[PDB]
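Novice: I have a structure here, written as C-alpha cells, and I will follow up with some questions on it.
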Amino acid sequence: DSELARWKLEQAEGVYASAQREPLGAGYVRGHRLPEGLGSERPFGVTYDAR
Amino acid sequence: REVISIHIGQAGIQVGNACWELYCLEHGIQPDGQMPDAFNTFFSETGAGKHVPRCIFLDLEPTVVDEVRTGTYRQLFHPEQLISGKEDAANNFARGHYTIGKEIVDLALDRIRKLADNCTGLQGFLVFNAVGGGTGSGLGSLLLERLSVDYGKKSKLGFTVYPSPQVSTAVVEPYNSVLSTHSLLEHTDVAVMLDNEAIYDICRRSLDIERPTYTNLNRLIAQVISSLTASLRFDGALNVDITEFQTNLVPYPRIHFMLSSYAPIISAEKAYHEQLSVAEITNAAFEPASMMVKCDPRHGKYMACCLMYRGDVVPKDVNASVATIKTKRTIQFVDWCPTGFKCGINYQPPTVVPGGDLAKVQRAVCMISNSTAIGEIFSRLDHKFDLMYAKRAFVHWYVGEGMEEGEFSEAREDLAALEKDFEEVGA
Amino acid sequence: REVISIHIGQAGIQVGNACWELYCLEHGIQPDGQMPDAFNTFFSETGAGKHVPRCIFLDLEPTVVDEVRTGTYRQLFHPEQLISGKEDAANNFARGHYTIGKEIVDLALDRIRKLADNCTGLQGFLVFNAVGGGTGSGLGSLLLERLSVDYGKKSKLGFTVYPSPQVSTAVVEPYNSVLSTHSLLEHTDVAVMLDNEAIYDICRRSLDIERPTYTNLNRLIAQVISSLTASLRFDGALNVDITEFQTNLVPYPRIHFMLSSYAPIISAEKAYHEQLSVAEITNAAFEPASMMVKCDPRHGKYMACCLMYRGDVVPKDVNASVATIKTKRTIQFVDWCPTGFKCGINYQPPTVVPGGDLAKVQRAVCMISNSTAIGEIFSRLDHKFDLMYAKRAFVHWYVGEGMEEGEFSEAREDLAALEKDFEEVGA
Amino acid sequence: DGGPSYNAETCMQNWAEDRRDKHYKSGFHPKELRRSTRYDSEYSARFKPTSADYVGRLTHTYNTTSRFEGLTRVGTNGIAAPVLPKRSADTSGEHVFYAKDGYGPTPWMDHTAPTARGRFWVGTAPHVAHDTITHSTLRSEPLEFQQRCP
Amino acid sequence: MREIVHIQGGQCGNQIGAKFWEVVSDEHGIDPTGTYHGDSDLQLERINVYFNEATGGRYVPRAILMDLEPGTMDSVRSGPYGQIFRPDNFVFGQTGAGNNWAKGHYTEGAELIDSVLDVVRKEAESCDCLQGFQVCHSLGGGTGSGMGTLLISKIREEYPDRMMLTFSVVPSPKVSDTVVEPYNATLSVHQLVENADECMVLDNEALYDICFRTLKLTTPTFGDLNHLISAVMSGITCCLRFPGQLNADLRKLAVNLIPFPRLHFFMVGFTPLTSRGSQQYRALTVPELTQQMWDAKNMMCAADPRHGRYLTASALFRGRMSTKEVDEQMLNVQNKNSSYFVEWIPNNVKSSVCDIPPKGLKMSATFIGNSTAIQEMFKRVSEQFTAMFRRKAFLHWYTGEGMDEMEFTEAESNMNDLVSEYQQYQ
Amino acid sequence: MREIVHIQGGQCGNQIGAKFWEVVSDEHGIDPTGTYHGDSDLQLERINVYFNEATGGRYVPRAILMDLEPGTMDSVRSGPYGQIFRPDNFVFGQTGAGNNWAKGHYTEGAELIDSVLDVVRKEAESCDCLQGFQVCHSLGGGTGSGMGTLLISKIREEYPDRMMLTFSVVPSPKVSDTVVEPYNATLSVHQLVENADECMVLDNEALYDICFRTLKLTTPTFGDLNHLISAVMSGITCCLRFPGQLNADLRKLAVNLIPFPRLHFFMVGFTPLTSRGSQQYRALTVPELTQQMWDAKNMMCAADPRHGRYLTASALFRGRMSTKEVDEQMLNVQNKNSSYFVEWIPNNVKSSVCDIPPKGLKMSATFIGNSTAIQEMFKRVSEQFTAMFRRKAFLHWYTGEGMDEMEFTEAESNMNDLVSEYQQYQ
Ligand SMILES: Nc1nc2c(ncn2[C@@H]2O[C@H](COP(=O)(O)OP(=O)(O)OP(=O)(O)O)[C@@H](O)[C@H]2O)c(=O)[nH]1
Ligand SMILES: Nc1nc2c(ncn2[C@@H]2O[C@H](COP(=O)(O)OP(=O)(O)OP(=O)(O)O)[C@@H](O)[C@H]2O)c(=O)[nH]1
Ligand SMILES: Nc1nc2c(ncn2[C@@H]2O[C@H](COP(=O)(O)OP(=O)(O)O)[C@@H](O)[C@H]2O)c(=O)[nH]1
Ligand SMILES: Nc1nc2c(ncn2[C@@H]2O[C@H](COP(=O)(O)OP(=O)(O)O)[C@@H](O)[C@H]2O)c(=O)[nH]1
Ligand SMILES: [Mg+2]
Ligand SMILES: [Mg+2]
C-alpha cells in the first residue's frame with residue numbers, strides 16, 4: 001500500500017503480453033507511428049469541403 | 001426549441017452523466033459552468049454567467065447521486081434538481097411503483113413543472129432508464145404516466161436499456177421488464193432499445209477494447225444521443241427536429257420500438273488506415289455487426305429507416321448510397337413503404353472526448369430504424385417470463401408489497417397481443 | 001410669442017425632465033446653458049451667452065426635485081424655478097388641496113407672476129400633471145383655480161395622466177381622479193388624456209421594447225408635445241398656433257377632452273424597412289393601436305380632429321389622405337359637424353435623442369381628436385368609484401384632513417352630469 | 001425533531017446545503033485535484049476535468065484561498081469543528097444578501113461575463129450600485145435590462 | 001429633511017434594533033467606527049433621515065434604547081456597530097420587570113418614562129420635519145410591551161399628527177417561551193388598536209419555518225432572525241432614503257392600506273429568500289420575485305392568508321427594473337387567484353419602486369399585506385386568555401400591583417370585537 | 001405596371017427564394033444593402049415589378065417569407081443578400097409542423113394564416129395593378145405544402161382575376177427524403193388542380209443528373225441546385241423586366257400553353273448548361289441553344305418526354321438574336337420529330353425573344369413545355385399512395401387531427417381522373 005510500490009509493480013509487469021493487450025480502459029495500441037498531425041489538428045478520413 | 005432530459009434509475013443517471021460531459025464538451029463549457037444560442041436547447045443561462053442543464057437526476061439510493069454531488073461536476077447541476085430518496089426499491093417493480101413512488105413522484109413532477117415553466121418553446125421530453133432495475137422500471141413508469149396526464153401532446157423520447165438474452169446481471173428482470181413494457185406501450189411515443197451485449201460485442205470488435213467498463217458503454221451511447229439531437233442544436237443543410245420521429249417512424253400507435261446504430265465506431269489506428277467516405281459508412285450502419293441491439297434483422301423486415309449524418313457530408317453521395325442500399329437484395333423492406341428512408345444531414349462533426357477511444361472523424365452516421373426483429377425480442381423475454389411464472393417464483397415479494405396476480409396475467413396477455421400485432425403487421 | 005410650462009407632481013417633473021431634454025436637443029443648446037430667435041419662446045437669453053427656460057418644476061417631496069438639481073441639467077435650470085416642498089401629500093387629494101397647498105401655492109404664483117413679467121408675447125400656459133397622486137391632483141387643481149382667477153382668458157393646455165382601467169399602481173386613485181375632474185372641468189380650457197396602459201401597448205407592439213420603464217413613456221410623450229408646439233417654434237407652410245385647439249376642437253364649454261395619437265412610432269430597423277409616406281401614417285394615426293388613451297373610438301363618434309405634420313409634407317397628399325378617411329366608413333363622424341378636420345404643417349423634421357429608441361423619420365403626424373369614447377372612460381371610472389364609496393372606505397383620511405361627504409357627493413353627480421352630457425351630444 | 005446531527009463530512013441530514021457553505025473547511029483536498037490509486041470511485045477515475053487550462057484556473061483559486069484559509073479549526077483527526085455561535089446577536093454568516101462580494105472566480109461571487117453585465121434573464125449581483133434610472137437615461141445610455149435575448 | 005426617530009424596547013427590541021442599525025449603517029456605507037467610507041454621493045444626501053453629524057463626518061443615529069437591565073446595554077455596546085450610539089440615548093432602569101405587564105405599565109413606567117420622554121423630546125426637536133416614529137418591541141415580555149405601550153400612548157397624546165410604525169412580535173403557541181404571554185399580549189393589543197397607527201405583526205414561529213424551509217439553515221440563531229427582521233425594516237424605509245421612479249413614504253403607504261381606522265394590522269414578507277446552495281442558480285426577475293412574495297410560506301406571521309381574503313397589499317421594489325413587468329405581474333396575481341381579494345375594492349395592490357438595490361443584492365422586494373387572516377391569530381391568543389381568567393390564575397402577580405379585573409374584561413371585549421369586524425369583512 | 005409578389009414557404013422554398021433574390025438583385029445591379037450600383041439605364045426602368053423604394057433609393061424585395069421554424073430564418077438572414085429583406089414580412093410561427101400535412105393545413109395554419117393574409121393583403125393593395133402571384137414551395141414537406149396550398153386557396157378566394165405561378169418540387173423515388181411523401185404530394189396535387197393557375201414542377205433527380213452529365217461538377221450542394229432553379233425563374237419573368245422584339249407576358253404564356261383548365265403542369269428546362277472545361281470548345285448560336293434545349297436530358301423533371309407527346313411548348317430566348325433563325329429552328333424541330341407532338345394542334349411551339357441576356361452570357365433560353373409525359377410522375381406517386389393506403393399505414397397522425405378518410409379517397413379520385421384525361425389527350 002504505497003503509490004511507489006503500486007507503480008513499480010506495474011512498471012515491472014509491463015513486460016507481460018496480456019498487460020499490453022488488455023489495458024483496462026485504453027485498448028490495444030499497436031505502437032504505430034502516426035504522421036504527427038492526424039491525432040489532434042487534422043481529423044481522420046478523406047476531406048472534401050462542404051462549407 | 002428546448003427539450004428537457006430526466007434520468008431515472010442507476011443506469012439512466014450514469015448514462016446521462018456521460019452525456020452531459022459530452023454536451024459541455026460540444027458547446028465549450030468548462031465544468032464550473034461558465035462560458036470562456038445553440039446551447040439553449042439544453043443549458044438555460046441563469047445566476048451569474050452559469051449554463052445550468054435542463055435535467056433532473058432522480059433516484060432512490062443516494063450512493064450514486066451524492067457520488068455525482070461530490071464529483072467533478074459539483075458546480076454544474078442545480079442542487080435542487082438532483083432528487084434522491086433514502087432507500088432503494090431494490091429490483092422490485094411493486095416497491096418502486098406503489099411503496100416509494102407515492103412519496104417521490106409528486107416532488108419530481110412539481111420540479112418538472114417549474115422547469116417547464118422556465119422553458120419557453122418546449123419540444124418534448126426524453127427519459128433515460130433501464131427497465132430491468134427496480135427504480136428505473138417502477139417509478140419510471142409511474143413518472144411517465146403522470147407526465148402523460150400532465151401534458152399528453154408533447155413527444156416523449158424513451159431511451160431504454162433492455163436486458164440481453166444471455167448476458168444478464170439480475171434474476172427478476174423478466175418480471176420487471178414485462179411490467180415496465182405494459183406502461184411503456186401506452187405512454188411513450190418513441191422508445192429506443194439498447195441492450196448491453198450488443199455494445200459489448202462492438203467494443204470488442206471495432207474499438208478493440210477488450211476489458212470494457214461501463215463508461216466506455218455510456219460514452220458511445222452519449223455519442224448516439226448527441227448525434228440525433230445535433231439537428232436541434234446546430235444548423236444543418238437538411239435538419240429534422242424531434243417531432244419527425246413521431247410522424248415518420250411510427251406507422252401504428254403501438255409499434256414504436258427503434259433499433260439504433262452508429263458508424264464509424266473506429267479507434268485511432270483503424271482510422272489512419274480506413275478511408276472514411278459516405279458510401280461505406282452507410283453500408284457499415286446496416287450490418288448487425290454495428291447495431292446497438294443484439295437481434296438479427298435478416299430474420300425481420302424493415303418498416304422505416306432514418307439516417308442522421310453529421311460532419312462533412314454532401315447530399316449527392318448520401319442519395320447515391322441510399323440508392324445502392326435500396327437496390328441491394330440482402331435486406332428487404334415491407335410491401336407498404338416504397339419510400340422506406342428518411343435522411344438528415346448536419347454540419348458539425350462529432351467531437352472527441354479526451355480519454356475516450358473514438359478518433360476525430362470528419363463524418364458519422366446514426367441509423368434509427370423500425371423492424372420486426374424487436375417482435376422477436378419481446379417473444380424471447382416472454383418465454384423466460386413464463387418459465388419463472390409457471391412456478392410462481394419470486395411472486396411473493398410483489399404480493400407482499402401490495403400487488404396481485406391480476407396484472408401479471410394481463411401484462412402477459414398484453415405482450416401476447418403485441419406479438420400478434422407484430423406478426424399481423426409483418427405480413 | 002412665448003409659452004411657459006408648469007409641471008406638477010412626481011409625474012409632472014419627470015415628463016419635464018424628458019421634455020426639456022428634447023428642447024435643448026432641438027435648438028442645439030448645450031446642457032450648461034449656451035449655444036456653441038426660434039428658441040425665444042422657451043429659452044430666455046439672459047446676459048450674454050446663456051439661455052434659461054420659462055418653466056417651473058414643483059413638488060412636495062424634495063427627492064425627485066433635487067435629483068433634477070444634481071442631474072445633468074444643473075446649470076440649465078434657474079435655482080428657484082424648481083420649487084420643492086418639505087413633506088409629501090401622499091396620495092391624498094385633501095392633503096394636497098387644503099393643508100399643504102395653502103403655503104406652497106402662494107410662492108408658486110408670485111413666482112410665475114415674475115416669469116410672466118419677463119415674458120412679452122405669452123400665448124398661455126401648458127400644464128403637466130397626474131391625477132392619481134395627491135400633489136398633482138390637489139395643489140395642481142388649487143393652482144389651476146388661482147390661475148383662472150388671475151388671468152383666465154389666457155389658454156390652459158392640460159396634458160393630464162389619468163389612471164388606466166386595468167393596470168393600476170394606487171388604490172385611492174379613483175377618489176383622487178374624480179375630485180380632480182370636478183375642477184378640471186371648469187378650469188382647464190382644453191385637456192388631453194394620457195393613460196399608461198395605452199402607451200405600454202404602444203411600446204410593446206410597435207416599438208417592440210418588451211420591458212419598458214417610465215423614461216420611454218416620458219420620451220415619446222415629449223415627442224408629442226414638441227410636435228404640437230413646433231408651429232410656434234418654427235416656420236411652416238401652414239402653421240396653427242395654440243389658440244386653435246381652443247376654437248377648432250371645443251364645440252361646447254364642458255366638452256373639452258381629447259384623445260391624442262402619434263405616428264410613426266418606429267424603431268431604428270423598421271425605418272430603413274418601411275417607405276414612409278403620408279397616406280399610411282395618416283391611416284395608422286386612426287386605429288386604436290396608436291392611441292395614447294386606452295379606449296375604442298369604434299364605439300364612439302368623432303366630433304373634431306386636428307393633424308400636425310412635421311417635415312417633408314406638401315398639402316397635396318395630406319389633402320388626399322383625409323379625403324380617403326372621410327370616404328371610409330369604418331370610422332364615423334357625428335352628423336352635426338361635417339367638416340371635422342383641421343390641418344397644420346411645419347417644416348422641420350422631428351429630431352432624435354442619442355440612446356433613444358425612435359429613428360430619424362422624414363415626416364410625422366400628431367393627431368388630436370375629440371370623441372365620445374371619453375364618455376365611456378368616465379363611466380368606467382365612475383362605476384368603480386361608486387363601488388368604494390358605497391362602503392365609505394378610505395373616507396376617514398379625507399375627512400380628518402378637512403373635507404366632508406359633500407365634495408364626494410357633488411363630484412359624483414357632476415360626473416353623472418358629464419355622462420348625461422356626452423350621451424346627449426353623441427346622439 | 002431536535003435529535004443529534006451527524007457531521008458535514010458524513011453525507012446525510014442536509015449535508016449538501018452545508019458542504020456548499022462559505023465558512024466550511026474540509027480536511028482533505030477536493031476530488032478533482034486528487035491524484036493516486038486507492039479510493040478512486042469508478043465514476044471519479046474515468047470522469048476528470050478534460051481541460052488542463054481549466055485545471056490550472058481551478059488550482060490557482062483553490063491554492064491561493066481555500067487550501068490554507070483556515071487550519072486552526074482542523075482537529076487532530078482532520079475533521080473541522082463546527083463554528084459554535086457565542087452571544088445572542090452572533091450571526092454565522094450572511095444568508096439574505098448573499099452576493100455581498102460580486103464578480104470573481106470563486107463560487108460565492110457571481111461568474112458573469114463582462115458583456116452581459118446587467119440583463120433580465122441573467123443577474124444575481126448588482127450591475128452598478130447607486131445609479132438612478134433617470135440619471136442614466138439623461139446621460140442617454142440605453143437601459144441595460146431592455147436588451148433582448150434569444 | 002423627513003425624519004424618522006427610532007425607538008427600541010426591551011430585550012427583543014434592543015437586539016433587533018442593534019441589527020437594524022447594522023444594516024442601515026452598511027447601506028449608507030458608514031463604518032462601525034462612525035465615519036463615512038462610501039463612494040457614491042447618493043448616500044450622503046439622505047443620512048439626515050437617520051443620523052446626525054457630530055464632528056468631522058461622524059454620524060450618530062437618532063435612536064432611543066429602552067430597557068431595565070444592564071445585560072441588554074452590554075449586549076448593545078459589545079457587538080459590532082455599538083460604538084455609534086450616543087451615551088445620552090441609553091436611558092436605563094435598573095431593577096428589571098421580567099414578564100409582568102403591570103410592572104411594565106405602572107410601577108417601573110412611572111419613573112422611567114419621564115426620563116425617556118426627556119430624551120425623546122430632545123431628539124425630536126433637534127430635527128425639523130418629522131416623518132414620524134418607528135418602534136420595535138415585543139409583546140410577550142414585560143419591559144418591552146409595558147414600557148413601549150406606555151410610551152406609544154404618551155407620545156401619541158403629544159404628537160398626534162406624526163406617523164407611527166410599530167414592529168411588534170406576538171407570541172405563538174408552538175414557539176411559546178413564557179407562561180404569561182397571553183396576559184401581556186392581550187393588554188398590549190388592547191392598547192395598540194387605538195394608539196398605534198399601523199402595526200407590522202411579527203412572530204418567531206413564522207421566522208423559524210422560513211429559516212428551515214426556504215433558507216434551509218441548520219442552526220438558526222436569533223442573530224439570523226434579527227437579520228431577517230432587519231432586512232424587512234430596511235425594505236420598508238428605502239423610499240425616504242433613496243430616489244426612485246415612484247417614491248412612496250410611510251403616510252403614502254398608510255392611506256393606501258388602511259380603509260378603516262381600526263383595521264390596521266398587517267402581515268409582512270420579504271424577498272428574495274433562497275437556499276445557500278441554490279443562490280448561484282437562482283435568477284432575478286420580477287416574476288421570480290412575485291412568485292415568492294405571494295407564496296403563503298413567505299409570510300412573517302402565523303397566518304395562512306388563504307384562510308381569508310386580502311383586503312389591500314403593498315409592494316416596495318428596489319433596483320433598476322421595468323414598471324410594465326411590475327404592474328402586469330400584480331395584475332396577473334390579482335386576476336388568477338381572484339377570490340382571495342375583496343370584491344368592493346378594485347385594484348387592491350399598491351406598488352412603489354426605488355432605484356437603489358440593497359448592498360449585496362441586485363433587486364429586492366418587500367410585501368405589506370393587510371389581510372383578514374389576522375383574526376385567527378388573535379383568536380388563538382384570546383382562547384388561551386379566556387382559559388386562565390376563568391380560573392383567575394396568575395392574576396395575583398397582576399392584581400397585587402394596581403391592576404384590576406376590569407382591565408382584563410376590557411381586553412376580552414376589544415379582542416373579540418376586532419376579530420369580529422375582520423370576520424365581518426371576510 | 002404589372003406586379004408580381006413573391007411568397008416563400010417551407011425550408012426548400014426559403015432557400016430557393018434566397019438564391020432567387022440573389023440572382024434578381026445581381027441582374028438589376030443592387031448590392032445587398034439595397035442601393036443601386038449598375039451602369040446601364042435599362043436596369044431601373046422595370047424594377048417596380050419586384051421592388052419598393054423605401055427611402056432614398058433603398059429598394060426592398062416584394063417578398064413574404066412563411067415557415068414555422070426559426071432555423072430557416074437564421075439561414076436566410078445569415079447569407080448574403082439577407083439583410084435586404086423585409087423584417088415585417090418575416091411572418092413566422094413557432095411550434096413546427098413536422099412533415100404533417102394536417103398540421104400545416106388544419107392546426108397551425110388556422111391561426112397563422114390570418115396574419116399572412118394581412119401581410120399579403122397589405123402588399124397587394126400597396127401596388128397599383130397586380131399581374132399575379134409567385135409561390136415557391138415543395139410537395140413533400142408539411143409546413144411548405146400544407147400551409148402553402150391553404151394560402152393558395154385563400155388567395156384564390158380573395159383575388160380570382162390574377163395569375164398564379166407555383167414552383168413546386170415533386171418527390172422522386174430514387175431521391176426520396178421523407179416517408180409520407182405520397183401522403184403529402186397527393187393531397188397537395190388535389191388542391192393545386194382546382195386552385196392554382198399553372199405549376200412548374202421540379203425535382204432533385206433531374207437536377208442531380210444535370211450537374212452530373214452536363215455541368216460535370218464534383219459535389220452538387222443545395223446552393224447549386226437552387227442556383228439552377230433561380231436561373232430558371234429569372235428566365236421566365238425576364239420578358240416583363242426587359243424589352244424585347246417579341247414580348248410574352250405571363251398571361252400570354254398561360255393562354256398559349258394551357259388548352260384545357262386542368263392541363264397545367266409544365267416541365268421546364270434551361271439553356272445553356274456546359275462544364276467549364278467544355279465551355280471553350282462550344283459555340284453560342286441559335287441551333288446550339290436549340291439542340292441543347294430540346295434534349296431530353298435537359299428537362300428538369302424525371303419524366304421522359306419521348307415516352308409521351310408534347311401538347312404545347314414555349315421557348316423564351318434572350319439576347320440579340322435573329323427572329324428568322326428562331327422560327328425556322330422551331331419549325332425544323334417540329335417537322336423532324338413530328339411524332340412527339342400532338343396531331344390536332346398545329347404550330348405547337350410558342351416563341352419569344354428578349355433583347356437582354358443574363359449577365360456574363362451572350363445568349364440564353366428557357367423552355368417551358370406542357371407535355372403529356374407528366375402522367376408518369378403522377379402515376380408513380382399514386383401507386384405509392386395506394387400501396388400505403390390499402391393497409392392504413394401512417395393514417396392515425398392524420399386522422400387524429402381532424403382529417404377523415406373521405407379526403408384520401410377523394411384525392412385518389414382526382415389524381416386518377418387527371419391521369420386518365422392525360423391518357424385521353426395522348
Ligand atoms: N448501459 C449501462 N447499463 C447499466 C449501467 N449500470 C447499470 N446498468 C443496467 O441497469 C440494470 C439494473 O438496473 P440498475 O440501473 O443497476 O438499478 P436500478 O434500475 O436503479 O434499480 P435498483 O437497483 O432497484 O435501484 C442492469 O441490468 C444493468 O445492465 C451502465 O453504466 N451502463
Ligand atoms: N407615464 C408616466 N407616469 C408617471 C410618471 N411618474 C409618475 N407617474 C404616474 O403618477 C401616478 C401617481 O402620481 P405620482 O406621480 O406617483 O405621485 P404624485 O402625483 O406626485 O402624488 P404624491 O405621491 O402624493 O406626491 C402613478 O400612477 C404613475 O403611473 C412618469 O414618469 N411617466
Ligand atoms: N426574533 C427575536 N426574538 C427574540 C429575541 N430576543 C428575545 N426574543 C423573544 O422575546 C420573547 C420574550 O421577550 P422578552 O425578552 O422577555 O421581552 P422583555 O423582557 O420585555 O424585554 C421570547 O419569546 C423570545 O423568543 C431576538 O433577538 N430575536
Ligand atoms: N432544391 C432543394 N430542395 C430541398 C432543399 N432542402 C430540402 N429540399 C427538398 O425538400 C423536400 C422536403 O421538403 P421540406 O423541407 O421537408 O418541406 P417542409 O418541411 O414543409 O419545410 C425534400 O425531398 C428535399 O429534397 C434545398 O435546399 N434545395
Ligand atoms: Mg438501481
Ligand atoms: Mg407624488
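Here, A, B, ... name the chains of the C-alpha cells in the order displayed, residue numbers run from 1 inside each chain, and ligands are numbered from 1 in the same displayed order.
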Could you please tell me, as a list in words, which residues of chain F have an atom within 12 Å of chain A when using only C-alpha atoms?

Specialist: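 Result: residues 218, 219, 220, 221, 222, 223 and 224 of chain F.
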
Novice: Just the residues within 12 Å of residue 34 of chain D, please, counting only C-alpha atoms, with nothing from its chain fewer than 4 positions along; format it as a PyMOL selection string.

Specialist: (chain B and resi 71-72) or (chain D and resi 28-30+38-41+44-45+48-49+55+59)

Novice: Go through F:417, F:108, F:74, F:376 one by one, measure the shortest atom-to-atom distance of each to chain B using only C-alpha atoms, and give the residue with the smallest value.

Specialist: F:74

Novice: Env of residue 31 of chain A: 12 Å cut, atoms = only C-alpha atoms, seq-sep filter 5 positions within chain, self excluded. Answer as a short mmCIF file (atom, residue, chain, number, x, y, z; two decimals) with N, CA and C atoms, in the first residue's frame.

Specialist:
data_model
loop_
_atom_site.label_atom_id
_atom_site.label_comp_id
_atom_site.auth_asym_id
_atom_site.auth_seq_id
_atom_site.Cartn_x
_atom_site.Cartn_y
_atom_site.Cartn_z
N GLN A 20 -0.13 -5.56 -22.04
CA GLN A 20 -0.19 -4.61 -23.14
C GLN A 20 -1.40 -4.83 -24.02
N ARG A 21 -1.96 -6.03 -24.02
CA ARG A 21 -3.09 -6.30 -24.89
C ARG A 21 -4.44 -6.16 -24.20
N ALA B 268 -8.09 4.91 -33.20
CA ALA B 268 -7.17 5.82 -33.86
C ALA B 268 -6.40 5.13 -34.97
N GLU B 269 -5.94 3.91 -34.74
CA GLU B 269 -5.15 3.21 -35.74
C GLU B 269 -6.01 2.70 -36.88
#

Novice: Closest to residue 121 of chain C among C:255, C:358, C:232, C:320, using only C-alpha atoms?

Specialist: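 Result for the nearest residue to residue 121 of chain C: C:232.
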
Novice: May I ask for the distance between atom CA of residue 23 of chain D and atom CA of residue 82 of chain B, given in Å to one decimal place?

Specialist: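 Taking atom CA of residue 23 of chain D as the start and atom CA of residue 82 of chain B as the end point, the length is 23.7 Å.
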
Novice: Could you list, as a ChimeraX atom specification, all protein and nucleic acid residues with an atom at most 6 Å from ligand 2, counting only C-alpha atoms and all ligand atoms?

Specialist: /C:9-11,14-15,88-91,130,132-136,169,196,214,217-218 /E:246

Novice: How would the residues just chosen look if you wrote them out with N, CA, C and O atoms as an mmCIF file, in the first residue's frame?

Specialist:
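The result, written out as again-v9.cif:
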data_model
loop_
_atom_site.group_PDB
_atom_site.id
_atom_site.type_symbol
_atom_site.label_atom_id
_atom_site.label_comp_id
_atom_site.auth_asym_id
_atom_site.auth_seq_id
_atom_site.Cartn_x
_atom_site.Cartn_y
_atom_site.Cartn_z
ATOM 1 N N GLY C 9 -46.182 67.666 -9.522
ATOM 2 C CA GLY C 9 -46.201 66.320 -9.004
ATOM 3 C C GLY C 9 -44.938 65.552 -9.313
ATOM 4 O O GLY C 9 -43.937 66.083 -9.798
ATOM 5 N N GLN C 10 -44.999 64.258 -9.002
ATOM 6 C CA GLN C 10 -43.894 63.361 -9.303
ATOM 7 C C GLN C 10 -43.863 63.011 -10.780
ATOM 8 O O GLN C 10 -42.786 62.861 -11.363
ATOM 9 N N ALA C 11 -45.031 62.873 -11.397
ATOM 10 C CA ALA C 11 -45.066 62.640 -12.832
ATOM 11 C C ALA C 11 -44.720 63.902 -13.597
ATOM 12 O O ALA C 11 -43.952 63.858 -14.562
ATOM 13 N N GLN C 14 -40.981 64.623 -14.027
ATOM 14 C CA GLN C 14 -40.233 63.633 -14.789
ATOM 15 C C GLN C 14 -40.531 63.753 -16.272
ATOM 16 O O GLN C 14 -39.639 63.569 -17.105
ATOM 17 N N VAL C 15 -41.780 64.050 -16.623
ATOM 18 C CA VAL C 15 -42.087 64.368 -18.011
ATOM 19 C C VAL C 15 -41.321 65.602 -18.447
ATOM 20 O O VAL C 15 -40.765 65.651 -19.550
ATOM 21 N N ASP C 88 -44.460 65.149 1.711
ATOM 22 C CA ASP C 88 -45.318 64.720 0.619
ATOM 23 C C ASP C 88 -46.793 64.882 0.966
ATOM 24 O O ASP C 88 -47.179 64.931 2.133
ATOM 25 N N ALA C 89 -47.621 64.967 -0.077
ATOM 26 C CA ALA C 89 -49.068 64.917 0.088
ATOM 27 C C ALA C 89 -49.594 63.495 0.192
ATOM 28 O O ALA C 89 -50.671 63.288 0.760
ATOM 29 N N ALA C 90 -48.873 62.522 -0.360
ATOM 30 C CA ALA C 90 -49.080 61.105 -0.072
ATOM 31 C C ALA C 90 -50.462 60.611 -0.499
ATOM 32 O O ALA C 90 -51.264 60.166 0.317
ATOM 33 N N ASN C 91 -50.718 60.677 -1.805
ATOM 34 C CA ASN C 91 -51.921 60.093 -2.401
ATOM 35 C C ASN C 91 -53.181 60.540 -1.673
ATOM 36 O O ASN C 91 -54.019 59.729 -1.285
ATOM 37 N N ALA C 130 -50.376 64.602 -13.072
ATOM 38 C CA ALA C 130 -51.100 63.351 -12.962
ATOM 39 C C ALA C 130 -52.165 63.503 -11.893
ATOM 40 O O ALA C 130 -51.985 64.228 -10.912
ATOM 41 N N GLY C 132 -53.712 60.683 -10.428
ATOM 42 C CA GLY C 132 -53.727 59.572 -9.498
ATOM 43 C C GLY C 132 -53.091 59.900 -8.164
ATOM 44 O O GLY C 132 -53.464 59.326 -7.139
ATOM 45 N N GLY C 133 -52.134 60.821 -8.153
ATOM 46 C CA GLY C 133 -51.434 61.189 -6.942
ATOM 47 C C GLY C 133 -52.151 62.277 -6.175
ATOM 48 O O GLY C 133 -53.301 62.624 -6.445
ATOM 49 N N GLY C 134 -51.446 62.825 -5.194
ATOM 50 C CA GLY C 134 -52.008 63.883 -4.387
ATOM 51 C C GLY C 134 -51.456 65.239 -4.753
ATOM 52 O O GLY C 134 -52.193 66.224 -4.810
ATOM 53 N N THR C 135 -50.151 65.300 -5.011
ATOM 54 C CA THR C 135 -49.536 66.578 -5.341
ATOM 55 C C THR C 135 -50.042 67.100 -6.675
ATOM 56 O O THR C 135 -50.385 68.280 -6.798
ATOM 57 N N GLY C 136 -50.094 66.237 -7.685
ATOM 58 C CA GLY C 136 -50.629 66.661 -8.963
ATOM 59 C C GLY C 136 -52.098 67.017 -8.875
ATOM 60 O O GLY C 136 -52.530 68.043 -9.402
ATOM 61 N N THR C 169 -51.465 51.435 -10.143
ATOM 62 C CA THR C 169 -50.415 51.446 -9.144
ATOM 63 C C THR C 169 -50.895 51.869 -7.769
ATOM 64 O O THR C 169 -50.213 51.581 -6.782
ATOM 65 N N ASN C 196 -51.532 55.065 -19.210
ATOM 66 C CA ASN C 196 -50.268 54.350 -19.266
ATOM 67 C C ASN C 196 -50.377 52.981 -19.900
ATOM 68 O O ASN C 196 -49.414 52.519 -20.509
ATOM 69 N N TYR C 214 -40.580 54.045 -17.227
ATOM 70 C CA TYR C 214 -41.253 55.321 -17.427
ATOM 71 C C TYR C 214 -40.511 56.244 -18.374
ATOM 72 O O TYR C 214 -41.144 57.098 -19.003
ATOM 73 N N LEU C 217 -41.771 56.141 -21.821
ATOM 74 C CA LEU C 217 -43.034 56.858 -21.874
ATOM 75 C C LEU C 217 -42.797 58.357 -21.921
ATOM 76 O O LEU C 217 -43.315 59.053 -22.798
ATOM 77 N N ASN C 218 -41.996 58.867 -20.990
ATOM 78 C CA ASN C 218 -41.747 60.298 -20.953
ATOM 79 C C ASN C 218 -41.121 60.781 -22.252
ATOM 80 O O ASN C 218 -41.425 61.882 -22.722
ATOM 81 N N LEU E 246 -40.834 55.872 -8.538
ATOM 82 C CA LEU E 246 -42.124 56.139 -7.917
ATOM 83 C C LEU E 246 -41.902 56.000 -6.415
ATOM 84 O O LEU E 246 -41.908 54.886 -5.890
#

Novice: Residues at most 9 Å from ligand 3, using only C-alpha atoms and all ligand atoms? Could they come as a PyMOL selection string?

Specialist: (chain D and resi 88-89) or (chain E and resi 9-16+19+67-69+72+96-101+104+137-148+169-172+175-178+181+202-204+207+221-229)

Novice: Env of residue 154 of chain E: 10 Å cut, atoms = only C-alpha atoms, seq-sep filter 4 positions within chain, self excluded. Answer as a VMD selection string.

Specialist: chain E and resid 113 117 148 to 150 158 to 159 195
